[PDB]
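Just the one chain here, laid out as structure tokens, in the form deposited in one PDB entry.
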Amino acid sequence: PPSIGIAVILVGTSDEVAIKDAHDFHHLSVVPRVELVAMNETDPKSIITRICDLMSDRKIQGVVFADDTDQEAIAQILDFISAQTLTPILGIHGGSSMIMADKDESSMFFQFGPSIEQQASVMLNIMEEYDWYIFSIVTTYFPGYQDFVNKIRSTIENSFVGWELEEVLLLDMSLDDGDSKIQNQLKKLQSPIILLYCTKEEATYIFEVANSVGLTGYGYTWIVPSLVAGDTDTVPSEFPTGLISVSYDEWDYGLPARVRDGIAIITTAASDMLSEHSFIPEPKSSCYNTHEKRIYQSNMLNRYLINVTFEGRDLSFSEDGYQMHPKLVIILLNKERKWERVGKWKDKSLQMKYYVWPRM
């Protein structure tokens, strides 16, 4: 079988050996020729020039990307690169996997981890478990915030449960806060539960302000999505103990297993397309000639990328570019400032550790 090039890009320390181990158990129509690449930087230029150099020095059919940062921008950079070059990119760990709402129309970028809408519903399930029916929402303008608010609103307005959405705050973190605008907005909060949609960096500032006006102590419980907790080994000091987060940052699904599944997805999808059309998309020889060769390129390979099953496991992606059925882990920031497993979301069912929340 012919070989297709797959670049696996790793940012930050990682056991390359352990990663090469979890991986040629392919008897498909095509076999992967993978290439581990180390990267030290995660700025726009570094990421672009690196992937472009790979694409020009070799024939890359797809990219598997993983980083150890809390930088959600990385996902947005990858989507741009993916759409422009029409190359499949899987963000499987780190900032690369942090929700990227409204991917490009031509994007072939897929992320491991929950969609925004799924996290929103997981949160409502948590609140239902403990009969926390009265709450407010705080988001920034971070892309996806509308999907988050809409999802919540759609769910609670279509249920006979006595949900009471008191307030929805929209914080503008693109301007400075010298006029104490965000402080004045937060002072409006009264709910005992607060859902916060934003980035990790934004959360640390918002919590600092929220603390100053006494909204983080006892009586107030904040619930944030995966990307706010991000790397759970890095816990900002402004984060309030008692913070609850839906998470997917490498609890039961290790990096090695992810890299192996990433390679599988890309390889299977190419095999499936080859077996049906007798051709696969030719690897782009460069990024610097995409404007010419666009009538000759297409995101055709997407329809196969989203429907792969491997070793009897459904690795399907949504058309929005998210994982379909991720086993989510509910985590709590405890007294020792450590993130702590306190529930699991599996088979569209919530299984919490505690019946009554112990004191944090």
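For the two forms, the rigid core is made up of the largest set of C-alpha atoms that agree within 1.5 Å on superposition. All residue numbers are counted from 1 along the displayed sequence.
Although it is not shown, the form deposited in another entry is what the next lines describe.
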message: Once the core is superposed between the shown form and the other one, does residue 191 show a C-alpha displacement of at least 2 Å?
response: yes
- prompt: So with the core overlaid, does the Cα of residue 104 end up 2 Å or more away between the shown form and the other one?
  reply: no
Assert for residue 200-residue 107 (C-alpha, 3 Å or more) in the other entry vs reference form: pair farther
